[PDB]
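> Please see the structure below; I have some questions.
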Amino acid sequence: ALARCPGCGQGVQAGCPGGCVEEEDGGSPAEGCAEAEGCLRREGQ
């Protein structure tokens, strides 16, 4: 048998729907080099 209710609880049912660590936005590699004051250098594009 199973002595535990699956799906219910708290952090899972109303907290992290899958994972609370989807980067700063969602697979967006823009942390160290994202703004102009982070790595403007001479040429960027």
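Convention: chains lettered A, B, ... in structure tokens order; per-chain residue numbering from 1; ligands numbered from 1 as shown.
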Taking the DSSP secondary structure from the backbone, can you list the residues of chain A that are helix (DSSP H, G or I), as a PyMOL selection string?
chain A and resi 36-39
> Excluding range 7-11 of chain A and its own-chain neighbours fewer than 5 positions away, which residues fall within 10 Å of it when counting only C-alpha atoms? Please give them as a ChimeraX atom specification.
/A:16-17,20
> Could you tell me how far CA of residue 13 in chain A lies from CA of residue 26 in chain A, in Å and to one decimal?
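Value for the CA of residue 13 in chain A-CA of residue 26 in chain A distance: 20.8 Å.
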